[PDB]
Amino acid sequence: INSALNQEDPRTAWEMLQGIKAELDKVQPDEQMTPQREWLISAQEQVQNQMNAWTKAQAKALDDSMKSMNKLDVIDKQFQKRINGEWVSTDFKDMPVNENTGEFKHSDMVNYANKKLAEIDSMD
Amino acid sequence: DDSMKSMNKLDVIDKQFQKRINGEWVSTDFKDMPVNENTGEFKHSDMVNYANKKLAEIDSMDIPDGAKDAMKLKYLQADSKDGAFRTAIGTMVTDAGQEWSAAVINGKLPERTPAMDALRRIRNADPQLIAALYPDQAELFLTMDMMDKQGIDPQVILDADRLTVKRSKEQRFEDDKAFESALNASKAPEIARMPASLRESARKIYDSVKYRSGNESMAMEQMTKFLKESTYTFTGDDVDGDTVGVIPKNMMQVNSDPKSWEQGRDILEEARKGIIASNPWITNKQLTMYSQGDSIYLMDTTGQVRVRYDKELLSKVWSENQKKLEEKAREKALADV
Amino acid sequence: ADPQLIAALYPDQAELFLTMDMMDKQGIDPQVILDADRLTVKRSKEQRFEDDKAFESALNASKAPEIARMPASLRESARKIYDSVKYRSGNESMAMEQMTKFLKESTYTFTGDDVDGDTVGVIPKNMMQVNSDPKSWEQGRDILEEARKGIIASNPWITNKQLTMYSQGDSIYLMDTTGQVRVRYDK
Amino acid sequence: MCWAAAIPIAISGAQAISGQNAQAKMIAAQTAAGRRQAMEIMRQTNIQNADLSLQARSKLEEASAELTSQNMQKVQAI
Amino acid sequence: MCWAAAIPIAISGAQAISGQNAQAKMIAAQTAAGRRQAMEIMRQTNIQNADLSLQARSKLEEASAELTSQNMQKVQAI
Amino acid sequence: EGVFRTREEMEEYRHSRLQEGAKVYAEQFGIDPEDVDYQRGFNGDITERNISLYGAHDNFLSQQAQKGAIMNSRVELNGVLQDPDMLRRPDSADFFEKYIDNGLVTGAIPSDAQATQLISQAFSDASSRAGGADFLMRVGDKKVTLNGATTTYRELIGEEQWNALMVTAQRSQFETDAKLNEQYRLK
Amino acid sequence: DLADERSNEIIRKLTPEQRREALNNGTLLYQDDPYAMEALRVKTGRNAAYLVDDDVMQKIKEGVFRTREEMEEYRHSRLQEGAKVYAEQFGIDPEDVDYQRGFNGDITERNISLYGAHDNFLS
Amino acid sequence: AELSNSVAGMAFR
């Protein structure tokens, strides 16, 4: 049961736990309050809570993906400006939130350099 | 009687320990909850037995290696240096150390290397942490990371570590003076401002690598690449751009994984910036960030403005902030559906 | 069966115990020790005198609860385990990791309840044994810990780190620095 | 092990038309493993993982996947 | 020793239907040892130990143990 | 256990190696065969042994057919869903429900356990393809039977069992769409 | 074999509604359910047909073949082989008539896809 | 500010 709980993604957690229940059903065929069944169904509430957390985390990942893409293209455009023109101050403080890009973590410029360098590597 | 007492007090210990892992401030030292009536006394024997049985239990779980090692680490923090888990992982480390020693004496390396393999599994996941807690066998970590990450054979280290002369107490004085000249005359930010914990380790790696093939560049080479793998250099916004600090990549960690160290750097920079603009005249050149044993501290040169930043508060503030920002994320993400 | 009682009563041949435990417990061949112990130079005085300063500084300047402090009894052997490994494979760090492992098997470093957590003493794992099986050392660790919260909870006029405990030639004496609390626990 | 050498026997003067050979054999290999080296009590864990691959192991490289799907629908119920 | 090589003769191209061979032979080996290399005065000691294994050495891997027991009962007296 | 084809080889091989092993094992002890008393002992108790053996063969062949059926239905549903955007089509919603149902009535996917396992695996697999919101959002809600009660899809899948899939599929769609955008912009 | 028609006919009788629970515990066993074995053989056959025939032809069609007359020969022979091998690989079903309906498709769709791929290659 | 997320917030608190 603890293994069923400690899975990486709570999906596999829930389906493995459900299979373990469907199997316990054989050997313990009376649905009731078998001590093992008590253990098993705190496990169900547990995996429900873990699925709650997983939903929240995937949603945050969605938000980060959009924020990163938008601020990334903003960084790249304001950087092409520096490459072609001059005196653009690409240090940290950039073209700020239009309405929806993000506070510009320091993470983007490192991510920007890395992704853009690989991008150049992948060009034709 | 002992079997029942041990099982009961063992589950009590484990629950009150999961409390410490998830929550905080639980005092798992020795004095726990013995009011179970059945559990009765806690001997000191349980916590050692608890750590050992639980570590093997984790080993026997069904999950893939990643979850196993993340779990070994999320248990390695935190007990109050008792150490129960710290000493378990520690004796694992010294086992790997003595085993590689025996390989050195033996002349080749014995096959299947159980302790070395288990250590490779655990330490691959957080290089800095395992090293930090045991500030004694950095030599083994260096050699293992040479052995696996880099491509060198685990045969060409064997001779050079078996062929070494005994330093014989004479050329060392020259060697201590040596650590001192390439250090001072380095002028590379990280090595010069060497952050402190890392300085205490630093001394080791240099002396180790030198005894191998032609050295004193290869030695500086490895030492610098290590200090790069283990401390961010916080650069200033000015275009010089002179460094303002070297704060260790292990202690900026929000939460428990190193992706988190990265996320935290994004807190410390926001902090260092607000100060510079807020108190006008504190030009970047003036500000220093200085660590200590365990604290990230931040000062403008005049002693007036100086904000502490600490593992506990940085961690837990980021935890709640990420929490309810991720809440907002879920809210409008599910608003689409 | 008991690599401790046998170790103690005969401190003279700790060299043989080290070599045998190298031979069987660890995986090294009983051929690669043979040459290195046959190939040795005579320390002639000069070599010996220098290695011996060398151990002396190094052990003293290493900062690990175990290597520091010293069990008391062990030093003489500990030193012996050191030289042997240094002559065999000549890496001093390798020797040490074969001295530390040994002091570490042999003694238990009692630690303090405080979160520092600074050590109070290293008592040798042999002399706090209770009955014959080594699990008796394990059991004794419990009596002594209950006592040390016995000492700290009985009239702690002041405790801090002032209280230390150690072993005389044969007595896990616990004593605070002062004459206030000396407790003798004997095998 | 003898069988693999037997497949290796095919390539001698260095033969090009043989990606088919590795392919078919790893594939069959998967059918055999998958089919026969496992237990079907509902509890599964990592066994299901290695299995899943045996599940993608027959199937198709997907030319047929495009063609199959178009089909299973007209056949099962649509 | 000649006989073991004779059993070894069976595995050549490295084929795998042979766990049966080690099995049956260690088992028989046990029947022979056990049966014949011992003395039956009531005093026994460590001899009984090595023996006991010869006692678990025939018996069954237990599929038959489940089946036997079901049986010895209906046969002996029940 | 692992290595055997249909019924014939079983009793063939058993009969042959049976009578031989009989005499070779009676040869170990006193040379009794061929006496009539060894017949009564060796020949059982035979109905019990035969029924146990043939029941084990039933178990093996049933496990074999079950392995085959699960592999087959897994391959079919993988081809129909895991394929990149068979889902986006207007027909795929009714189809999944119908397949699961028919397979239940046939009844393939034996049995219920394997059914919930397979349907909850496929759902996740579908969520991680670009095709996803549409498939999940349409099969919710559909009527599908089970052991306890007939019940909608959303229903089987708790409020944090379904909302999770729902969001993670939306996120995967966003990911793959941005991936297509970036491939185009790379060109 | 022919004798198992006993329980085959007897089970045709068992109601489909309550057949499944019986199947889950231990009353029946998969080997004797005619309806289950039907779908199974047929599915096994589609799988076989699709996988073998198609992978084999497509990959070859894509980069190493010739005229319609050639590919044509190559496939039918491959078709037969695959059935035998895969058949053995699952319970030994062939040569039963139910494996024909499963293996033989759904054949017009496969042929038209293959010949369309050949059109694409020659074009 | 006080009750804000946004990076600033973390540093301030």
# chains A, B, ... in the order shown; residues from 1 in each chain; ligands from 1
>>> closest_atom_pairs(of="stretch 106-205 of chain B", to="stretch 94-113 of chain C", cutoff="12 Å", atoms="only C-alpha atoms", output="CSV")
residue,atom,partner,partner_atom,distance
B:136,CA,C:97,CA,9.8
B:137,CA,C:97,CA,8.6
B:138,CA,C:97,CA,11.8
B:139,CA,C:94,CA,9.8
B:140,CA,C:97,CA,10.2
B:158,CA,C:94,CA,11.8
B:161,CA,C:94,CA,8.8
B:162,CA,C:94,CA,9.3
B:164,CA,C:94,CA,10.8
B:166,CA,C:95,CA,10.8
>>> closest_atom_pairs(of="chain F", to="chain A", cutoff="6 Å", atoms="only C-alpha atoms", output="CSV")
residue,atom,partner,partner_atom,distance
F:113,CA,A:22,CA,5.9
F:117,CA,A:15,CA,6.0
F:160,CA,A:52,CA,5.3
F:164,CA,A:55,CA,4.5
F:168,CA,A:58,CA,5.8
F:171,CA,A:62,CA,5.4
>>> atom_distance(atom1="atom CA of residue B:131", atom2="atom CA of residue B:146")
14.8 Å
>>> residues_around(residues="residue D:26", least_positions_apart="5", cutoff="9 Å", atoms="only C-alpha atoms", output="number ranges by chain")
D: 21, 31, 57
>>> residues_around(residues="residue C:14", least_positions_apart="2", cutoff="10 Å", atoms="only C-alpha atoms", output="short mmCIF file (atom, residue, chain, number, x, y, z; two decimals) with N, CA, C and O atoms, in the first residue's frame")
data_model
loop_
_atom_site.label_atom_id
_atom_site.label_comp_id
_atom_site.auth_asym_id
_atom_site.auth_seq_id
_atom_site.Cartn_x
_atom_site.Cartn_y
_atom_site.Cartn_z
N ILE C 6 38.74 -10.21 21.97
CA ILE C 6 40.01 -10.74 21.47
C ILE C 6 40.94 -9.59 21.17
O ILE C 6 42.13 -9.67 21.41
N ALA C 7 40.39 -8.51 20.67
CA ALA C 7 41.23 -7.37 20.43
C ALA C 7 41.83 -6.80 21.67
O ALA C 7 42.99 -6.43 21.68
N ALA C 8 41.07 -6.75 22.74
CA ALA C 8 41.57 -6.08 23.92
C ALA C 8 42.63 -6.79 24.73
O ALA C 8 43.69 -6.23 24.97
N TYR C 10 44.79 -8.71 24.18
CA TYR C 10 46.09 -8.82 23.52
C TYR C 10 46.35 -7.56 22.71
O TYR C 10 46.19 -7.57 21.48
N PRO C 11 46.75 -6.46 23.33
CA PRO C 11 47.03 -5.25 22.55
C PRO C 11 48.33 -5.36 21.79
O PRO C 11 48.60 -4.54 20.90
N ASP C 12 49.15 -6.35 22.11
CA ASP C 12 50.47 -6.43 21.51
C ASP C 12 50.38 -6.75 20.03
O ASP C 12 50.96 -6.05 19.20
N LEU C 16 48.46 -8.17 13.78
CA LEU C 16 47.92 -9.40 13.22
C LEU C 16 46.41 -9.31 13.06
O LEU C 16 45.86 -9.79 12.06
N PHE C 17 45.71 -8.74 14.04
CA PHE C 17 44.27 -8.61 13.92
C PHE C 17 43.89 -7.73 12.74
O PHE C 17 42.99 -8.06 11.97
N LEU C 18 44.59 -6.61 12.58
CA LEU C 18 44.36 -5.75 11.43
C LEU C 18 44.58 -6.50 10.13
O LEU C 18 43.75 -6.43 9.22
N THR C 19 45.70 -7.21 10.01
CA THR C 19 45.98 -7.91 8.76
C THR C 19 44.97 -9.01 8.49
O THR C 19 44.52 -9.17 7.35
N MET C 20 44.59 -9.76 9.51
CA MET C 20 43.61 -10.82 9.31
C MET C 20 42.26 -10.25 8.90
O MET C 20 41.61 -10.76 7.99
N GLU C 76 47.00 3.23 20.99
CA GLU C 76 48.19 2.49 20.67
C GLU C 76 47.96 1.64 19.47
O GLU C 76 48.74 1.69 18.55
N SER C 77 46.87 0.90 19.46
CA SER C 77 46.57 0.11 18.31
C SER C 77 46.27 1.02 17.15
O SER C 77 46.80 0.90 16.07
N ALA C 78 45.43 2.01 17.40
CA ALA C 78 44.98 2.81 16.27
C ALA C 78 46.18 3.21 15.52
O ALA C 78 46.22 3.13 14.30
N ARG C 79 47.19 3.61 16.25
CA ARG C 79 48.39 4.07 15.59
C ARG C 79 48.96 2.95 14.80
O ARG C 79 49.39 3.16 13.70
N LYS C 80 48.96 1.76 15.36
CA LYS C 80 49.49 0.61 14.65
C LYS C 80 48.74 0.29 13.40
O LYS C 80 49.35 -0.04 12.42
N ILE C 81 47.42 0.39 13.41
CA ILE C 81 46.66 0.08 12.22
C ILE C 81 47.12 1.07 11.19
O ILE C 81 47.33 0.73 10.02
#
>>> closest_atom_pairs(of="stretch 31-96 of chain F", to="stretch 35-51 of chain D", cutoff="8 Å", atoms="only C-alpha atoms", output="CSV")
residue,atom,partner,partner_atom,distance
F:63,CA,D:40,CA,7.0
F:64,CA,D:36,CA,7.7
F:67,CA,D:35,CA,6.3
F:68,CA,D:35,CA,7.0
F:71,CA,D:35,CA,7.8
>>> interface_residues(of="chain A", to="chain H", cutoff="12 Å", atoms="only C-alpha atoms", output="MDAnalysis selection string")
chainID A and resid 102:106
>>> write_last_selection(atoms="N, CA and C atoms", output="PDB file, in the first residue's frame")
ATOM      1  N   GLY A 102       4.830  38.372 -17.277  1.00  0.00           N
ATOM      2  CA  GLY A 102       5.395  37.876 -16.037  1.00  0.00           C
ATOM      3  C   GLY A 102       6.473  38.799 -15.516  1.00  0.00           C
ATOM      4  N   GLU A 103       6.844  38.565 -14.253  1.00  0.00           N
ATOM      5  CA  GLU A 103       7.754  39.482 -13.573  1.00  0.00           C
ATOM      6  C   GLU A 103       9.198  39.335 -14.031  1.00  0.00           C
ATOM      7  N   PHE A 104       9.459  38.516 -15.048  1.00  0.00           N
ATOM      8  CA  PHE A 104      10.821  38.332 -15.533  1.00  0.00           C
ATOM      9  C   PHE A 104      11.762  37.841 -14.446  1.00  0.00           C
ATOM     10  N   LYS A 105      11.584  36.597 -14.007  1.00  0.00           N
ATOM     11  CA  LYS A 105      12.538  35.939 -13.128  1.00  0.00           C
ATOM     12  C   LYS A 105      13.927  36.060 -13.743  1.00  0.00           C
ATOM     13  N   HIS A 106      14.964  35.871 -12.934  1.00  0.00           N
ATOM     14  CA  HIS A 106      16.289  35.771 -13.525  1.00  0.00           C
ATOM     15  C   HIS A 106      16.413  34.504 -14.356  1.00  0.00           C
TER      16      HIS A 106
END
>>> atom_distance(atom1="atom CA of residue B:111", atom2="atom CA of residue C:28")
12.2 Å
>>> closest_residue(among="A:100, A:6, A:70, A:111", to="chain D", atoms="only C-alpha atoms")
A:6
>>> closest_residue(among="D:12, D:33, D:74, D:23", to="residue F:2", atoms="only C-alpha atoms")
D:33
>>> atom_distance(atom1="atom CA of residue D:25", atom2="atom CA of residue D:11")
14.4 Å
>>> interface_residues(of="chain B", to="chain F", cutoff="12 Å", atoms="only C-alpha atoms", output="number ranges by chain")
B: 329-337
>>> write_last_selection(atoms="N, CA, C and O atoms", output="PDB file, in the first residue's frame")
ATOM      1  N   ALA B 329      -3.254  29.630 -10.161  1.00  0.00           N
ATOM      2  CA  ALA B 329      -3.047  28.931 -11.421  1.00  0.00           C
ATOM      3  C   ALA B 329      -4.117  27.871 -11.643  1.00  0.00           C
ATOM      4  O   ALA B 329      -4.735  27.829 -12.713  1.00  0.00           O
ATOM      5  N   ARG B 330      -4.348  27.008 -10.650  1.00  0.00           N
ATOM      6  CA  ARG B 330      -5.397  26.001 -10.797  1.00  0.00           C
ATOM      7  C   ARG B 330      -6.729  26.669 -11.073  1.00  0.00           C
ATOM      8  O   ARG B 330      -7.511  26.196 -11.902  1.00  0.00           O
ATOM      9  N   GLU B 331      -6.992  27.778 -10.384  1.00  0.00           N
ATOM     10  CA  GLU B 331      -8.295  28.410 -10.475  1.00  0.00           C
ATOM     11  C   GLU B 331      -8.593  28.799 -11.911  1.00  0.00           C
ATOM     12  O   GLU B 331      -9.587  28.351 -12.496  1.00  0.00           O
ATOM     13  N   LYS B 332      -7.724  29.596 -12.523  1.00  0.00           N
ATOM     14  CA  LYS B 332      -8.090  30.025 -13.869  1.00  0.00           C
ATOM     15  C   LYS B 332      -7.740  28.967 -14.912  1.00  0.00           C
ATOM     16  O   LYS B 332      -8.196  29.051 -16.057  1.00  0.00           O
ATOM     17  N   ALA B 333      -6.963  27.948 -14.543  1.00  0.00           N
ATOM     18  CA  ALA B 333      -6.730  26.848 -15.471  1.00  0.00           C
ATOM     19  C   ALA B 333      -7.971  25.981 -15.617  1.00  0.00           C
ATOM     20  O   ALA B 333      -8.323  25.568 -16.725  1.00  0.00           O
ATOM     21  N   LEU B 334      -8.625  25.679 -14.498  1.00  0.00           N
ATOM     22  CA  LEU B 334      -9.881  24.946 -14.517  1.00  0.00           C
ATOM     23  C   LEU B 334     -11.058  25.824 -14.914  1.00  0.00           C
ATOM     24  O   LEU B 334     -12.119  25.292 -15.264  1.00  0.00           O
ATOM     25  N   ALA B 335     -10.895  27.148 -14.860  1.00  0.00           N
ATOM     26  CA  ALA B 335     -11.940  28.040 -15.348  1.00  0.00           C
ATOM     27  C   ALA B 335     -12.229  27.805 -16.828  1.00  0.00           C
ATOM     28  O   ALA B 335     -13.355  28.017 -17.288  1.00  0.00           O
ATOM     29  N   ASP B 336     -11.218  27.368 -17.582  1.00  0.00           N
ATOM     30  CA  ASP B 336     -11.439  27.017 -18.982  1.00  0.00           C
ATOM     31  C   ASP B 336     -12.395  25.844 -19.109  1.00  0.00           C
ATOM     32  O   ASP B 336     -13.177  25.771 -20.065  1.00  0.00           O
ATOM     33  N   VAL B 337     -12.351  24.919 -18.160  1.00  0.00           N
ATOM     34  CA  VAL B 337     -13.240  23.767 -18.177  1.00  0.00           C
ATOM     35  C   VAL B 337     -14.346  23.938 -17.141  1.00  0.00           C
ATOM     36  O   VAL B 337     -15.531  23.838 -17.462  1.00  0.00           O
TER      37      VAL B 337
END
>>> residues_around(residues="residue E:7", least_positions_apart="2", cutoff="10 Å", atoms="only C-alpha atoms", output="number ranges by chain")
E: 2-5, 9-11, 18, 21-22, 25
>>> write_last_selection(atoms="C-alpha atoms", output="PDB file, in the first residue's frame")
ATOM      1  CA  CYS E   2      32.899 -38.233 -14.302  1.00  0.00           C
ATOM      2  CA  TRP E   3      29.125 -38.295 -13.954  1.00  0.00           C
ATOM      3  CA  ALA E   4      28.786 -34.536 -13.442  1.00  0.00           C
ATOM      4  CA  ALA E   5      30.696 -33.897 -16.649  1.00  0.00           C
ATOM      5  CA  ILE E   9      27.561 -32.862 -21.600  1.00  0.00           C
ATOM      6  CA  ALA E  10      23.891 -32.096 -21.991  1.00  0.00           C
ATOM      7  CA  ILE E  11      24.443 -28.339 -22.153  1.00  0.00           C
ATOM      8  CA  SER E  18      18.148 -28.044 -18.076  1.00  0.00           C
ATOM      9  CA  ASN E  21      18.857 -31.570 -14.891  1.00  0.00           C
ATOM     10  CA  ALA E  22      20.611 -29.856 -11.982  1.00  0.00           C
ATOM     11  CA  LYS E  25      20.574 -34.683  -9.861  1.00  0.00           C
TER      12      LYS E  25
END
>>> decode(residues="stretch 49-67 of chain E", atoms="N, CA, C and O atoms", output="compact mmCIF listing (two decimals), in the first residue's frame")
# COMPACT_ATOMS: atom_id res chain seq x y z
N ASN E 49 21.46 -33.59 11.61
CA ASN E 49 21.27 -32.38 10.84
C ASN E 49 21.45 -32.55 9.33
O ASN E 49 20.56 -32.23 8.56
N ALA E 50 22.60 -33.05 8.90
CA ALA E 50 22.88 -33.24 7.49
C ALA E 50 21.82 -34.13 6.98
O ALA E 50 21.40 -33.98 5.89
N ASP E 51 21.39 -35.06 7.81
CA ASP E 51 20.38 -35.97 7.40
C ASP E 51 19.12 -35.25 7.06
O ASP E 51 18.54 -35.48 6.00
N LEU E 52 18.74 -34.30 7.89
CA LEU E 52 17.39 -33.76 7.92
C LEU E 52 17.16 -33.23 6.56
O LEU E 52 16.12 -33.40 5.96
N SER E 53 18.20 -32.62 6.04
CA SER E 53 18.18 -32.15 4.67
C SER E 53 17.89 -33.27 3.71
O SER E 53 17.15 -33.06 2.78
N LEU E 54 18.46 -34.45 3.89
CA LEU E 54 18.17 -35.55 2.97
C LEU E 54 16.67 -35.82 3.07
O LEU E 54 16.05 -36.15 2.09
N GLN E 55 16.08 -35.66 4.27
CA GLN E 55 14.61 -35.74 4.54
C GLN E 55 13.76 -34.72 3.81
O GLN E 55 12.72 -35.06 3.34
N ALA E 56 14.14 -33.46 3.80
CA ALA E 56 13.55 -32.49 2.89
C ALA E 56 14.10 -32.73 1.51
O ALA E 56 13.68 -32.12 0.60
N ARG E 57 15.02 -33.63 1.28
CA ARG E 57 15.54 -33.70 -0.10
C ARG E 57 14.75 -34.47 -1.13
O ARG E 57 14.90 -34.25 -2.33
N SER E 58 13.90 -35.37 -0.69
CA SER E 58 13.06 -36.04 -1.63
C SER E 58 11.85 -35.15 -1.49
O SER E 58 11.88 -34.01 -1.95
N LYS E 59 10.78 -35.65 -0.89
CA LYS E 59 9.61 -34.83 -0.63
C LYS E 59 9.11 -34.21 -1.88
O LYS E 59 8.92 -34.88 -2.88
N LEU E 60 8.91 -32.91 -1.83
CA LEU E 60 8.36 -32.23 -2.98
C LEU E 60 8.72 -30.76 -2.99
O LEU E 60 9.25 -30.23 -2.02
N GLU E 61 8.43 -30.08 -4.10
CA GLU E 61 8.70 -28.65 -4.20
C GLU E 61 7.47 -28.08 -3.63
O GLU E 61 7.29 -26.87 -3.70
N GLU E 62 6.55 -28.94 -3.22
CA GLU E 62 5.30 -28.53 -2.58
C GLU E 62 4.03 -28.44 -3.39
O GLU E 62 2.96 -28.18 -2.81
N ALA E 63 4.10 -28.55 -4.71
CA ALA E 63 2.85 -28.61 -5.45
C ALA E 63 2.33 -29.96 -4.99
O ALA E 63 1.18 -30.17 -4.52
N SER E 64 3.25 -30.89 -5.03
CA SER E 64 2.90 -32.18 -4.55
C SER E 64 2.72 -32.16 -3.06
O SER E 64 2.12 -33.05 -2.55
N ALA E 65 3.36 -31.27 -2.32
CA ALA E 65 3.10 -31.26 -0.89
C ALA E 65 1.67 -30.91 -0.61
O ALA E 65 1.03 -31.51 0.24
N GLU E 66 1.14 -29.95 -1.35
CA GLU E 66 -0.26 -29.66 -1.17
C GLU E 66 -1.03 -30.91 -1.53
O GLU E 66 -1.92 -31.33 -0.80
N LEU E 67 -0.66 -31.54 -2.64
CA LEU E 67 -1.44 -32.72 -3.05
C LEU E 67 -1.27 -33.93 -2.13
O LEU E 67 -2.22 -34.70 -1.97
